[PDB]
Amino acid sequence: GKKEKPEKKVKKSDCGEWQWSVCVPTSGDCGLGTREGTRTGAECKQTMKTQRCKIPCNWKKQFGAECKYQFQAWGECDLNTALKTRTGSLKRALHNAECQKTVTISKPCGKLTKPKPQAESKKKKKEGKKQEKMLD
């Protein structure tokens, strides 16, 4: 940013601090799990935020271990197309650790615009039981 100097405003006489719940990995052929944390404002208001965790999926970024694999680069990430490609090749195959002989992979080097500061959004995203209406 060109603005700089962030850090939101804070008020003394807080109500409670961020309480974090345990992330639900979800599970389901590699599904995105989420964690929910909530806090009360200084004037005691229900504040909440949800985070997305990581799910251990089969076949990770480990194209080798006891086996031998080399990644080569015919070119560096292409910003013009916002794409990146890399080639790999088997250097040695073991008796109980075999590898593919070559791999070619292309992954978008760029990304779509993903805002960091989320708006208030729909507070009715999840159905909740608001006690005594609003106190009246």
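For the reader, a short list of remarks on this structure follows.
- Filtered residues of the stretch 16-37 (kept if farther than 20 Å from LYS116 by Cβ, among the hydroxyl-bearing types (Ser, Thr, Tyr) and touching a strand residue (DSSP E or B) at 6+ places or on another chain (Cβ under 9 Å)): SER21, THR26
- Checked against (1) among the polar types (S, T, N, Q); (2) free of Cβ contacts under 8 Å to residues at least 24 places away in the same chain; (3) at positive phi, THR26 meets all criteria but (2).
- Every residue from the stretch 1-52 that is aliphatic (A, V, I, L, M) and within 30 Å of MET134 (Cβ to Cβ): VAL10, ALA42, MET48
For (1) under 18 Å from the mean Cα position of the chain (by Cα); (2) of a type outside the set (A, V, I, L, M), each residue gets a yes or a no:
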site	(1), (2)
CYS15	no, yes
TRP18	no, yes
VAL24	yes, no
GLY33	yes, yes
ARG39	no, yes
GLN46	no, yes
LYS54	yes, yes
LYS61	yes, yes
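- Of all the criteria given as (1) assigned to a loop (DSSP other than H, G, I, E, B); (2) out of contact with any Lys or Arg (no Cβ under 8 Å at 6 or more places or on another chain), the one not satisfied by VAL103 is (1).
- Entry remark, the stretch 49-102: residues being touching a residue at least 24 places away in the same chain (Cβ under 8 Å), within 30 Å of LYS124 (Cα to Cα) and exposed (fewer than 12 other Cβ atoms within 10 Å of the Cβ) number 1 in total.
Read-outs: derived from the displayed coordinates by stated rules, not from any lab. Note: ideal-geometry Cβ built from the backbone for every residue, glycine included; neighbour counts use all protein chains shown.
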